[PDB]
C-alpha cells in the first residue's frame, strides 16, 4: 500500500479487540507521549486486546522527519505514508488509517479514530461495545445529522461551493473521536475513490458511509462523546467515552485523578 512505516503487529495471530488510530501532527510529540502514558497504553481490557497507533504523514522539515524516524524506531507504533502532513490533508491521513485496517488488521473487532487533545475512556467504551451486540456495519460517535457547510471564508472549517456544492452535509460523526466495526474499514476503503472528495475527514467518511447505506447509531442511551468538552469530575469521566479540548498536562492530571480514586464508589 506504499506505507513508509508499519507497526510490528500481527492481527492474524492476535486479533485486537479495539484499535485506536490517533491523528496528530509531527511536532505534537508531547501529545503522543501523554497518550502513550495514559489511555493509549496497550493492555487487556476485560481480557480484550487494545492496540494504539499514531497516524503521520511526511513533512518538509528535515529535523521533524528525523525526530519522527527516531520516534518510530523507539516506539514501533507509527503508521506513515508519503503525503504532506497538514490540516488540509487530514482526509488523506484518515484514509491512510482506514487503508491500514483494511490491509493489515481486518481482524480488529472495533476501530476508533481519535484526535490528540482527547480523553478516551477505553474501559467504559469496551463495556458499551460488548453490550451493544452490533458487530458489523456499525458506526457511532457524536452524531451530526443535519449540518450545514461553513461558508465563512476565514473559518478554519470553511469550504467553498466548488469544494462542496450542496446545502447540507451527509450524516457524519465528529472527527474528535468516532468508532466503527473493523469490517467497515474495508468497505469505506473500497468506495473511497468513487466518493466526491472533501478536505474535512469526518465529512468524507460520512459520504462513504452514506454510499454504503451504513446508518449512524448512538452507542448508548446516554451521550458518551463530548466534542465540546466537559467539566471534569472522576464520576463523570468514569461514565463517558471521549472528551475533547484536553491538553497533555491536563490529560496526565485527569489520568492520575482516575488512578488516585480507583476503588472509591460513585453514586
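Residue numbers count along the first chain shown, from 1.
Taking only CA atoms, the mean B-factor in the PDB entry is higher for 151-159 than for the other of 151-159 and 137-145. Checked against the record, the higher mean CA B factor of 119-127 and 71-79 lies with 71-79.
As recorded in the PDB entry, 62 shows the highest C-alpha B-factor of the residues 207, 34, 241, 62. Highest C-alpha temperature factor among 199, 211, 48, 51 per the entry: 48. Split the chain's modelled residues into thirds by C-alpha temperature factor. Residue 189 is in the lowest one.
In the deposited entry, the Cα temperature factor of residue 44 places it in the highest third of its chain's modelled residues. Placement of the Cα temperature factor of residue 11 within the chain: highest third of the modelled residues, per the deposited record. Per the deposited record, the Cα B-factor of residue 113 falls in the lowest third when ranked against the other modelled residues of its chain. Annotation for residue 56: C-alpha temperature factor in the middle third relative to the rest of the modelled chain, per the entry.
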